[PDB]
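J.: This is the structure, below, for whatever I ask next.
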Amino acid sequence: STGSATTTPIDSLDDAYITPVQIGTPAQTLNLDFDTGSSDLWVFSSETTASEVXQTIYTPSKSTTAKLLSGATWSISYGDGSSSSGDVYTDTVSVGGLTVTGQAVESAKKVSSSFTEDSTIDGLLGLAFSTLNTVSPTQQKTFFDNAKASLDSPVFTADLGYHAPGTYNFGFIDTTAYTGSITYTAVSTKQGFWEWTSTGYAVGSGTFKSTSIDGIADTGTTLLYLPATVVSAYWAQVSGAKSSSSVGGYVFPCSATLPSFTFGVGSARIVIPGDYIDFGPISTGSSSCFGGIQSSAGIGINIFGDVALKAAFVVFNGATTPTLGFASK
């Protein structure tokens with residue numbers, strides 16, 4: 001079996017992407033944030049504190065196939081400080097025509113203010129490794145893990161668009177979606193992430209520097225977070241760029257033409273166009289724009305976020321020994 005679903009940016013800045021997911025019988029359609037940086041499928045629901053709901057909610061009592069997972073609870077917090085918690089049901093879950101039965105659907109009893117305030121996201125669908133799942137006492141498998149048995153191939157691909165819709169595919173590789181060939185690189189699962197090692201970088205038309213950059217492929221993070229000295233080398237090429245403490249990062253004049261940024265994947269090279277690194281104005285009407293490449297120093301890990309991933313076709317190969325594939329597009 002296979003599945004294919006359209007993913008669309010939640011705003012004009014590509015802050016995040018949402019994908020329709022059908023849950024329960026008859027299907028309830030919710031717009032979820034596909035996150036390869038976490039491993040919980042959790043949704044706004046009829047159980048969520050009313051003052052914390054502004055979103056489409058799941059109602060387990062209206063699904064004939066929902067079953068309560070007795071005594072199971074969950075609690076998650078994310079990099080940004082946002083958090084949620086609740087209890088657990090299993091139910092049928094479909095994505096782009098691919099159906100999984102017995103998928104754990106985490107029902108939020110409470111959500112933090114960030115989730116409340118974002119009307120476009122009804123929940124998150126975790127696609128990292130199941131070791132990161134927060135359900136207790138027994139951790140639950142991700143959608144991808146449950147689907148592997150029936151998939152034509154144990155893969156999923158991410159094709160994110162720049163200010164445009166894209167696609168998540170399950171179980172097959174669309175060879176018309178990319179150019180040239182896919183280069184694969186080893187994944188370490190020791191921390192639960194799709195963690196890999198980039199072979200180096202280049203700024204604009206300059207030299208490629210061979211330097212190991214350990215990072216994670218994370219669809220659930222907006223920007224590209226790299227080591228301080230690598231980010232410094234980028235912004236040194238932009239005459240108006242400076243580090244602003246009040247905005248929290250590198251800002252530059254919106255009118256600048258930004259250089260591209262190249263990262264290595266084995267002996268291959270993925271080039272992020274400069275326009276993609278222009279995240280946008282700090283404020284509507286502002287003449288200053290926020291940079292899409294920022295320092296990872298304060299986060300503790302390098303993150304190849306949406307800024308990087310949307311310049312490529314990305315293959316998440318979930319075979320017993322997982323790898324990550326990248327192709328230009």
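By order in the structure tokens, chains are A, B, ...; within a chain, residues start at 1; ligands start at 1, following the order shown.
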Just the helix (DSSP H, G or I) stuff from region 37-188 of chain A, please, per backbone DSSP, written as a VMD selection string.

T.: chain A and resid 50 to 52 60 to 62 113 to 117 130 to 132 143 to 147

J.: With distances taken over only C-alpha atoms, which of A:34, A:304, A:42, A:58 is nearest to residue 194 (chain A)?

T.: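 Counting only C-alpha atoms, the residue closest to residue 194 (chain A) is A:304.
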
J.: Rounded to one decimal, what separation in Å do you get between CA of residue 167 (chain A) and CA of residue 320 (chain A)?

T.: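 Distance reported for this atom pair: 24.5 Å.
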
J.: Find the residues around region 15-30 of chain A up to 8 Å (only C-alpha atoms counted), leave out those fewer than 4 positions away in its own chain, and share them as a ChimeraX atom specification.

T.: /A:5-11,34,56-58,60,62-66,91-96,120-123,220-222,306

J.: I need the chosen residues saved as a compact mmCIF listing (two decimals), in the first residue's frame, with N, CA, C and O atoms.

T.:
# COMPACT_ATOMS: atom_id res chain seq x y z
N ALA A 5 -0.25 12.75 0.31
CA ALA A 5 -1.04 13.85 0.85
C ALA A 5 -0.39 15.20 0.58
O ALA A 5 0.83 15.33 0.58
N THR A 6 -1.22 16.20 0.34
CA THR A 6 -0.78 17.56 0.08
C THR A 6 -0.53 18.28 1.41
O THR A 6 -1.39 18.23 2.28
N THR A 7 0.63 18.90 1.49
CA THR A 7 1.02 19.68 2.66
C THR A 7 1.11 21.14 2.24
O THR A 7 1.65 21.43 1.18
N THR A 8 0.55 22.03 3.05
CA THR A 8 0.49 23.45 2.70
C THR A 8 1.01 24.34 3.82
O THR A 8 0.77 24.04 4.99
N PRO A 9 1.73 25.42 3.50
CA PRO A 9 2.23 26.36 4.51
C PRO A 9 1.08 27.01 5.28
O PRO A 9 0.05 27.33 4.68
N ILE A 10 1.22 27.17 6.59
CA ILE A 10 0.17 27.76 7.42
C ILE A 10 0.04 29.27 7.24
O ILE A 10 -1.03 29.81 7.56
N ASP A 11 1.07 29.94 6.76
CA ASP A 11 1.06 31.39 6.54
C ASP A 11 1.97 31.73 5.36
O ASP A 11 2.57 30.81 4.79
N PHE A 34 3.15 17.68 10.47
CA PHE A 34 4.03 16.53 10.37
C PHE A 34 5.44 16.89 10.84
O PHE A 34 6.08 17.73 10.20
N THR A 56 -9.94 22.58 14.93
CA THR A 56 -10.85 21.45 14.77
C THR A 56 -10.49 20.38 15.79
O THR A 56 -9.32 20.03 15.95
N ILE A 57 -11.48 19.88 16.52
CA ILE A 57 -11.18 18.95 17.60
C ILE A 57 -11.59 17.53 17.25
O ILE A 57 -12.54 17.27 16.52
N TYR A 58 -10.88 16.56 17.80
CA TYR A 58 -11.32 15.17 17.69
C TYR A 58 -12.25 14.78 18.84
O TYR A 58 -12.02 15.05 20.02
N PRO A 60 -13.61 11.46 20.36
CA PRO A 60 -13.52 10.00 20.36
C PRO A 60 -14.88 9.32 20.52
O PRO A 60 -15.11 8.24 19.98
N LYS A 62 -17.53 9.97 19.06
CA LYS A 62 -18.24 9.92 17.79
C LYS A 62 -17.61 8.99 16.77
O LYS A 62 -18.06 8.89 15.62
N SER A 63 -16.55 8.32 17.18
CA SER A 63 -15.86 7.37 16.31
C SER A 63 -16.15 5.95 16.79
O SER A 63 -15.89 5.61 17.94
N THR A 64 -16.70 5.10 15.92
CA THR A 64 -17.07 3.75 16.34
C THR A 64 -15.84 2.89 16.60
O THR A 64 -15.91 1.88 17.29
N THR A 65 -14.73 3.28 16.01
CA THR A 65 -13.52 2.45 16.15
C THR A 65 -12.60 2.93 17.26
O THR A 65 -11.56 2.33 17.54
N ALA A 66 -12.95 4.01 17.96
CA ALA A 66 -12.05 4.45 19.04
C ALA A 66 -12.17 3.56 20.27
O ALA A 66 -13.28 3.18 20.68
N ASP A 91 -7.31 4.29 17.42
CA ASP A 91 -8.33 4.51 16.42
C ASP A 91 -7.73 4.27 15.03
O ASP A 91 -6.52 4.10 14.88
N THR A 92 -8.59 4.25 14.03
CA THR A 92 -8.11 4.18 12.65
C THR A 92 -7.64 5.55 12.20
O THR A 92 -8.30 6.56 12.44
N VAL A 93 -6.49 5.59 11.53
CA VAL A 93 -5.90 6.86 11.11
C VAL A 93 -5.50 6.75 9.63
O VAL A 93 -4.75 5.82 9.29
N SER A 94 -6.00 7.66 8.80
CA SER A 94 -5.64 7.63 7.38
C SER A 94 -4.98 8.93 6.92
O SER A 94 -5.39 10.03 7.26
N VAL A 95 -3.95 8.73 6.11
CA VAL A 95 -3.18 9.80 5.50
C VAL A 95 -3.03 9.57 4.00
O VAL A 95 -2.32 8.64 3.60
N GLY A 96 -3.68 10.41 3.19
CA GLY A 96 -3.51 10.33 1.75
C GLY A 96 -3.87 8.97 1.18
O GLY A 96 -3.23 8.49 0.25
N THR A 120 -4.42 27.31 13.01
CA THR A 120 -4.26 26.53 11.79
C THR A 120 -3.84 25.08 12.07
O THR A 120 -3.99 24.20 11.21
N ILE A 121 -3.30 24.81 13.24
CA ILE A 121 -2.77 23.49 13.59
C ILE A 121 -3.63 22.83 14.66
O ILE A 121 -3.81 23.31 15.78
N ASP A 122 -4.20 21.68 14.29
CA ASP A 122 -5.10 20.95 15.15
C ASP A 122 -4.38 19.84 15.91
O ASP A 122 -5.03 19.11 16.67
N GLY A 123 -3.07 19.72 15.69
CA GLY A 123 -2.28 18.71 16.37
C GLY A 123 -0.99 18.42 15.62
O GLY A 123 -0.67 19.06 14.62
N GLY A 220 9.61 19.89 11.55
CA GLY A 220 8.85 20.59 12.58
C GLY A 220 9.56 21.83 13.09
O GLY A 220 9.03 22.55 13.94
N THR A 221 10.75 22.10 12.58
CA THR A 221 11.45 23.36 12.85
C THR A 221 11.48 24.24 11.61
O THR A 221 11.77 23.81 10.49
N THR A 222 11.16 25.53 11.74
CA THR A 222 11.10 26.44 10.61
C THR A 222 12.44 26.76 9.96
O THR A 222 12.56 26.77 8.74
N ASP A 306 12.93 23.54 8.00
CA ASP A 306 12.24 23.69 6.72
C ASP A 306 13.00 24.53 5.70
O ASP A 306 12.91 24.29 4.49

J.: Residues at most 12 Å from residue 230 (chain A), counting only C-alpha atoms, excluding those fewer than 5 positions away in the same chain, as a PyMOL selection string?

T.: chain A and resi 200-203+208-213+224-225+235-237+261-263+293-297+302

J.: With only C-alpha atoms as the basis for distance, which of A:103, A:31, A:321, A:136 is at the shortest distance from residue 71 (chain A)?

T.: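 Of A:103, A:31, A:321, A:136, the one nearest residue 71 (chain A), counting only C-alpha atoms, is A:136.
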
J.: For each of A:227, A:155, A:327, A:101, take the minimum atom-to-atom distance to residue 176 (chain A), counting only C-alpha atoms, then give the residue where this is smallest.

T.: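 Nearest to residue 176 (chain A): A:327.
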
J.: Quick one, how far is CA of residue 325 (chain A) from CA of residue 144 (chain A)?

T.: 16.8 Å

J.: Considering only C-alpha atoms, return as a list in words whatever protein or nucleic-acid residues lie within 12 Å of residue 181 (chain A), sequence-local ones (same chain, fewer than 2 positions apart) excluded.

T.: residues 173, 174, 175, 176, 177, 178, 179, 183, 184, 268, 269, 270, 312, 313, 314, 315, 325, 326, 327, 328 and 329 of chain A

J.: How would the residues just picked look written out with N, CA and C atoms as a PDB file, in the first residue's frame?

T.:
ATOM      1  N   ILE A 173       8.767   6.163  -3.954  1.00  0.00           N
ATOM      2  CA  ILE A 173       9.582   7.301  -4.365  1.00  0.00           C
ATOM      3  C   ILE A 173       9.116   7.760  -5.740  1.00  0.00           C
ATOM      4  N   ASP A 174       8.601   8.984  -5.792  1.00  0.00           N
ATOM      5  CA  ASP A 174       8.139   9.596  -7.035  1.00  0.00           C
ATOM      6  C   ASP A 174       9.319  10.083  -7.861  1.00  0.00           C
ATOM      7  N   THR A 175       9.773   9.371  -8.889  1.00  0.00           N
ATOM      8  CA  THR A 175      10.976   9.817  -9.593  1.00  0.00           C
ATOM      9  C   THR A 175      10.743  11.051 -10.450  1.00  0.00           C
ATOM     10  N   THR A 176       9.508  11.516 -10.614  1.00  0.00           N
ATOM     11  CA  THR A 176       9.321  12.762 -11.366  1.00  0.00           C
ATOM     12  C   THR A 176       9.408  13.971 -10.445  1.00  0.00           C
ATOM     13  N   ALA A 177       9.562  13.744  -9.141  1.00  0.00           N
ATOM     14  CA  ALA A 177       9.548  14.885  -8.228  1.00  0.00           C
ATOM     15  C   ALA A 177      10.917  15.507  -8.026  1.00  0.00           C
ATOM     16  N   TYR A 178      11.972  14.919  -8.573  1.00  0.00           N
ATOM     17  CA  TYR A 178      13.323  15.417  -8.340  1.00  0.00           C
ATOM     18  C   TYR A 178      14.178  15.313  -9.603  1.00  0.00           C
ATOM     19  N   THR A 179      15.337  15.953  -9.550  1.00  0.00           N
ATOM     20  CA  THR A 179      16.286  15.929 -10.660  1.00  0.00           C
ATOM     21  C   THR A 179      17.559  15.216 -10.196  1.00  0.00           C
ATOM     22  N   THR A 183      21.187  10.899  -3.201  1.00  0.00           N
ATOM     23  CA  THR A 183      22.339  10.488  -2.400  1.00  0.00           C
ATOM     24  C   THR A 183      21.915  10.141  -0.977  1.00  0.00           C
ATOM     25  N   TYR A 184      22.237   8.945  -0.504  1.00  0.00           N
ATOM     26  CA  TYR A 184      21.896   8.472   0.824  1.00  0.00           C
ATOM     27  C   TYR A 184      23.054   8.649   1.797  1.00  0.00           C
ATOM     28  N   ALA A 268      27.682  14.736  -2.567  1.00  0.00           N
ATOM     29  CA  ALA A 268      26.727  15.575  -3.286  1.00  0.00           C
ATOM     30  C   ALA A 268      26.568  16.911  -2.553  1.00  0.00           C
ATOM     31  N   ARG A 269      25.908  17.830  -3.222  1.00  0.00           N
ATOM     32  CA  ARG A 269      25.733  19.206  -2.786  1.00  0.00           C
ATOM     33  C   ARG A 269      24.291  19.634  -3.008  1.00  0.00           C
ATOM     34  N   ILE A 270      23.712  20.156  -1.944  1.00  0.00           N
ATOM     35  CA  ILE A 270      22.365  20.706  -1.997  1.00  0.00           C
ATOM     36  C   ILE A 270      22.485  22.219  -1.839  1.00  0.00           C
ATOM     37  N   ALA A 312      15.067  20.726  -1.124  1.00  0.00           N
ATOM     38  CA  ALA A 312      15.390  19.374  -1.568  1.00  0.00           C
ATOM     39  C   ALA A 312      14.198  18.428  -1.573  1.00  0.00           C
ATOM     40  N   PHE A 313      14.415  17.302  -2.245  1.00  0.00           N
ATOM     41  CA  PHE A 313      13.528  16.147  -2.132  1.00  0.00           C
ATOM     42  C   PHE A 313      14.156  15.245  -1.077  1.00  0.00           C
ATOM     43  N   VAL A 314      13.455  14.911  -0.006  1.00  0.00           N
ATOM     44  CA  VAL A 314      14.088  14.177   1.091  1.00  0.00           C
ATOM     45  C   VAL A 314      13.445  12.809   1.275  1.00  0.00           C
ATOM     46  N   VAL A 315      14.265  11.770   1.314  1.00  0.00           N
ATOM     47  CA  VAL A 315      13.772  10.406   1.507  1.00  0.00           C
ATOM     48  C   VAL A 315      14.089   9.964   2.928  1.00  0.00           C
ATOM     49  N   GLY A 325      17.898  10.167   2.373  1.00  0.00           N
ATOM     50  CA  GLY A 325      18.297  10.457   0.996  1.00  0.00           C
ATOM     51  C   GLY A 325      17.979  11.907   0.665  1.00  0.00           C
ATOM     52  N   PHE A 326      18.831  12.580  -0.084  1.00  0.00           N
ATOM     53  CA  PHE A 326      18.604  13.925  -0.579  1.00  0.00           C
ATOM     54  C   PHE A 326      18.804  13.991  -2.093  1.00  0.00           C
ATOM     55  N   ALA A 327      17.885  14.648  -2.786  1.00  0.00           N
ATOM     56  CA  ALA A 327      18.094  14.993  -4.186  1.00  0.00           C
ATOM     57  C   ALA A 327      17.704  16.458  -4.383  1.00  0.00           C
ATOM     58  N   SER A 328      18.352  17.092  -5.343  1.00  0.00           N
ATOM     59  CA  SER A 328      17.935  18.407  -5.828  1.00  0.00           C
ATOM     60  C   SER A 328      16.566  18.310  -6.479  1.00  0.00           C
ATOM     61  N   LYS A 329      15.888  19.450  -6.592  1.00  0.00           N
ATOM     62  CA  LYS A 329      14.605  19.449  -7.289  1.00  0.00           C
ATOM     63  C   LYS A 329      14.402  20.817  -7.953  1.00  0.00           C
TER      64      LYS A 329
END

J.: For residue 216 (chain A), which residue among A:265, A:68, A:301, A:125 is the nearest when counting only C-alpha atoms?

T.: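 Smallest distance to residue 216 (chain A) is found for A:301.
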
J.: Which residues come within 10 Å of residue 275 (chain A), counting only C-alpha atoms, excluding same-chain residues fewer than 3 positions away, as JSON, numbers by chain?

T.: {"A": [162, 256, 257, 258, 259, 260, 272, 278, 279, 280, 292]}

J.: Could you write out the selected residues, including N, CA, C and O atoms, as a PDB file, in the first residue's frame?

T.:
ATOM      1  N   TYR A 162       8.282  26.066  -1.351  1.00  0.00           N
ATOM      2  CA  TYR A 162       8.609  27.432  -0.938  1.00  0.00           C
ATOM      3  C   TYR A 162       7.405  28.324  -1.229  1.00  0.00           C
ATOM      4  O   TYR A 162       7.121  28.569  -2.414  1.00  0.00           O
ATOM      5  N   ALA A 256      18.147  43.381   0.142  1.00  0.00           N
ATOM      6  CA  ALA A 256      19.378  42.714  -0.267  1.00  0.00           C
ATOM      7  C   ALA A 256      19.107  41.477  -1.117  1.00  0.00           C
ATOM      8  O   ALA A 256      18.119  40.781  -0.950  1.00  0.00           O
ATOM      9  N   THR A 257      20.008  41.180  -2.040  1.00  0.00           N
ATOM     10  CA  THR A 257      20.027  39.885  -2.708  1.00  0.00           C
ATOM     11  C   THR A 257      20.959  38.986  -1.889  1.00  0.00           C
ATOM     12  O   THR A 257      22.154  39.240  -1.782  1.00  0.00           O
ATOM     13  N   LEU A 258      20.424  37.952  -1.270  1.00  0.00           N
ATOM     14  CA  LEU A 258      21.148  37.056  -0.376  1.00  0.00           C
ATOM     15  C   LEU A 258      21.956  36.013  -1.137  1.00  0.00           C
ATOM     16  O   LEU A 258      21.454  35.544  -2.168  1.00  0.00           O
ATOM     17  N   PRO A 259      23.148  35.630  -0.703  1.00  0.00           N
ATOM     18  CA  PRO A 259      23.870  34.565  -1.408  1.00  0.00           C
ATOM     19  C   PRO A 259      23.215  33.222  -1.142  1.00  0.00           C
ATOM     20  O   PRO A 259      22.524  33.039  -0.139  1.00  0.00           O
ATOM     21  N   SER A 260      23.457  32.256  -2.021  1.00  0.00           N
ATOM     22  CA  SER A 260      22.964  30.917  -1.711  1.00  0.00           C
ATOM     23  C   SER A 260      23.811  30.269  -0.620  1.00  0.00           C
ATOM     24  O   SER A 260      24.875  30.768  -0.250  1.00  0.00           O
ATOM     25  N   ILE A 272      20.718  25.818  -1.308  1.00  0.00           N
ATOM     26  CA  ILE A 272      19.551  26.580  -0.867  1.00  0.00           C
ATOM     27  C   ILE A 272      19.599  27.955  -1.514  1.00  0.00           C
ATOM     28  O   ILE A 272      20.544  28.705  -1.280  1.00  0.00           O
ATOM     29  N   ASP A 278      15.745  34.422   3.072  1.00  0.00           N
ATOM     30  CA  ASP A 278      14.966  35.603   3.434  1.00  0.00           C
ATOM     31  C   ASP A 278      13.651  35.118   4.038  1.00  0.00           C
ATOM     32  O   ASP A 278      12.689  34.800   3.347  1.00  0.00           O
ATOM     33  N   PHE A 279      13.625  35.045   5.368  1.00  0.00           N
ATOM     34  CA  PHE A 279      12.445  34.557   6.050  1.00  0.00           C
ATOM     35  C   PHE A 279      11.299  35.548   5.876  1.00  0.00           C
ATOM     36  O   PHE A 279      10.191  35.135   5.546  1.00  0.00           O
ATOM     37  N   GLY A 280      11.603  36.825   6.078  1.00  0.00           N
ATOM     38  CA  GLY A 280      10.635  37.888   5.867  1.00  0.00           C
ATOM     39  C   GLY A 280      10.847  39.078   6.794  1.00  0.00           C
ATOM     40  O   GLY A 280      11.721  39.018   7.654  1.00  0.00           O
ATOM     41  N   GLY A 292      17.096  33.422   7.601  1.00  0.00           N
ATOM     42  CA  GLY A 292      16.654  32.037   7.745  1.00  0.00           C
ATOM     43  C   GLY A 292      17.732  31.098   8.236  1.00  0.00           C
ATOM     44  O   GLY A 292      17.450  29.939   8.555  1.00  0.00           O
TER      45      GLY A 292
END

J.: Considering only C-alpha atoms, return as a list in words whatever protein or nucleic-acid residues lie within 10 Å of residue 140 (chain A), sequence-local ones (same chain, fewer than 5 positions apart) excluded.

T.: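 Final neighbour list, sorted by chain and number: residues 39, 40, 41, 72, 88, 90, 103, 104, 105, 106, 130, 131, 132, 133, 134, 135, 145 and 146 of chain A.
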
J.: Just N, CA, C and O atoms for this one: save the residues we selected as a PDB file, in the first residue's frame.

T.:
ATOM      1  N   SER A  39       7.788  12.255  18.233  1.00  0.00           N
ATOM      2  CA  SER A  39       7.230  10.948  17.917  1.00  0.00           C
ATOM      3  C   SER A  39       5.858  10.700  18.514  1.00  0.00           C
ATOM      4  O   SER A  39       5.506   9.538  18.744  1.00  0.00           O
ATOM      5  N   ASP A  40       5.106  11.762  18.755  1.00  0.00           N
ATOM      6  CA  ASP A  40       3.751  11.656  19.278  1.00  0.00           C
ATOM      7  C   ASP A  40       2.736  12.139  18.244  1.00  0.00           C
ATOM      8  O   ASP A  40       3.005  13.168  17.621  1.00  0.00           O
ATOM      9  N   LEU A  41       1.642  11.415  18.082  1.00  0.00           N
ATOM     10  CA  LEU A  41       0.487  11.885  17.321  1.00  0.00           C
ATOM     11  C   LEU A  41      -0.497  12.404  18.374  1.00  0.00           C
ATOM     12  O   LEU A  41      -1.145  11.606  19.047  1.00  0.00           O
ATOM     13  N   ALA A  72      -3.114   4.760  30.296  1.00  0.00           N
ATOM     14  CA  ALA A  72      -2.044   5.420  29.565  1.00  0.00           C
ATOM     15  C   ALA A  72      -2.218   6.930  29.556  1.00  0.00           C
ATOM     16  O   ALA A  72      -3.315   7.441  29.318  1.00  0.00           O
ATOM     17  N   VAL A  88      -4.953   8.621  26.170  1.00  0.00           N
ATOM     18  CA  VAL A  88      -4.682   7.981  24.893  1.00  0.00           C
ATOM     19  C   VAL A  88      -5.807   7.070  24.427  1.00  0.00           C
ATOM     20  O   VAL A  88      -6.319   6.254  25.201  1.00  0.00           O
ATOM     21  N   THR A  90      -6.805   4.384  20.931  1.00  0.00           N
ATOM     22  CA  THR A  90      -6.379   3.889  19.629  1.00  0.00           C
ATOM     23  C   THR A  90      -7.585   4.058  18.696  1.00  0.00           C
ATOM     24  O   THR A  90      -8.745   3.992  19.113  1.00  0.00           O
ATOM     25  N   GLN A 103      -3.814   2.732  15.599  1.00  0.00           N
ATOM     26  CA  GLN A 103      -2.856   3.827  15.837  1.00  0.00           C
ATOM     27  C   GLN A 103      -3.151   4.557  17.141  1.00  0.00           C
ATOM     28  O   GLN A 103      -4.301   4.917  17.428  1.00  0.00           O
ATOM     29  N   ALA A 104      -2.135   4.791  17.969  1.00  0.00           N
ATOM     30  CA  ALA A 104      -2.368   5.579  19.177  1.00  0.00           C
ATOM     31  C   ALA A 104      -2.573   7.048  18.823  1.00  0.00           C
ATOM     32  O   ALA A 104      -1.754   7.710  18.192  1.00  0.00           O
ATOM     33  N   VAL A 105      -3.724   7.564  19.223  1.00  0.00           N
ATOM     34  CA  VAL A 105      -4.120   8.953  19.053  1.00  0.00           C
ATOM     35  C   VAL A 105      -4.155   9.608  20.433  1.00  0.00           C
ATOM     36  O   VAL A 105      -5.021   9.271  21.238  1.00  0.00           O
ATOM     37  N   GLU A 106      -3.200  10.497  20.691  1.00  0.00           N
ATOM     38  CA  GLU A 106      -3.091  11.151  21.984  1.00  0.00           C
ATOM     39  C   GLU A 106      -4.010  12.371  22.046  1.00  0.00           C
ATOM     40  O   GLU A 106      -3.866  13.290  21.242  1.00  0.00           O
ATOM     41  N   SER A 130      10.398   5.843  17.518  1.00  0.00           N
ATOM     42  CA  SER A 130       9.366   5.619  18.531  1.00  0.00           C
ATOM     43  C   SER A 130       9.931   5.675  19.938  1.00  0.00           C
ATOM     44  O   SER A 130       9.210   5.790  20.922  1.00  0.00           O
ATOM     45  N   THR A 131      11.251   5.618  20.032  1.00  0.00           N
ATOM     46  CA  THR A 131      11.907   5.731  21.322  1.00  0.00           C
ATOM     47  C   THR A 131      11.611   7.082  21.971  1.00  0.00           C
ATOM     48  O   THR A 131      11.663   7.204  23.202  1.00  0.00           O
ATOM     49  N   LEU A 132      11.278   8.108  21.196  1.00  0.00           N
ATOM     50  CA  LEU A 132      10.949   9.417  21.731  1.00  0.00           C
ATOM     51  C   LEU A 132       9.498   9.571  22.158  1.00  0.00           C
ATOM     52  O   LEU A 132       9.170  10.621  22.737  1.00  0.00           O
ATOM     53  N   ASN A 133       8.635   8.606  21.901  1.00  0.00           N
ATOM     54  CA  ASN A 133       7.215   8.752  22.284  1.00  0.00           C
ATOM     55  C   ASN A 133       7.027   8.939  23.781  1.00  0.00           C
ATOM     56  O   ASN A 133       7.651   8.319  24.647  1.00  0.00           O
ATOM     57  N   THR A 134       6.111   9.850  24.160  1.00  0.00           N
ATOM     58  CA  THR A 134       5.988  10.180  25.581  1.00  0.00           C
ATOM     59  C   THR A 134       4.873   9.415  26.273  1.00  0.00           C
ATOM     60  O   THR A 134       4.606   9.655  27.455  1.00  0.00           O
ATOM     61  N   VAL A 135       4.197   8.490  25.586  1.00  0.00           N
ATOM     62  CA  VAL A 135       3.177   7.715  26.294  1.00  0.00           C
ATOM     63  C   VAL A 135       3.795   6.759  27.318  1.00  0.00           C
ATOM     64  O   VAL A 135       4.744   6.016  27.056  1.00  0.00           O
ATOM     65  N   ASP A 145       5.830   3.767  11.810  1.00  0.00           N
ATOM     66  CA  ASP A 145       6.143   2.439  12.321  1.00  0.00           C
ATOM     67  C   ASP A 145       5.001   1.444  12.143  1.00  0.00           C
ATOM     68  O   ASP A 145       5.268   0.286  11.815  1.00  0.00           O
ATOM     69  N   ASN A 146       3.763   1.860  12.364  1.00  0.00           N
ATOM     70  CA  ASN A 146       2.620   0.965  12.251  1.00  0.00           C
ATOM     71  C   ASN A 146       2.335   0.631  10.794  1.00  0.00           C
ATOM     72  O   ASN A 146       1.766  -0.408  10.469  1.00  0.00           O
TER      73      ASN A 146
END

J.: Just list as a ChimeraX atom specification whatever in region 100-323 of chain A DSSP marks as strand (DSSP E).

T.: /A:100-111,123-126,155-159,166-170,183-186,195-203,209-217,224-226,242-244,249-253,261-265,268-272,278-281,288-291,293-295,302-304,312-317,323

J.: So, counting only C-alpha atoms, which residue among A:74, A:44, A:316, A:196 is closest to residue 171 (chain A)?

T.: A:316

J.: What does the structure give for the distance between CA of residue 48 (chain A) and CA of residue 98 (chain A), in Å to one decimal?

T.: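 Distance reported for this atom pair: 27.5 Å.
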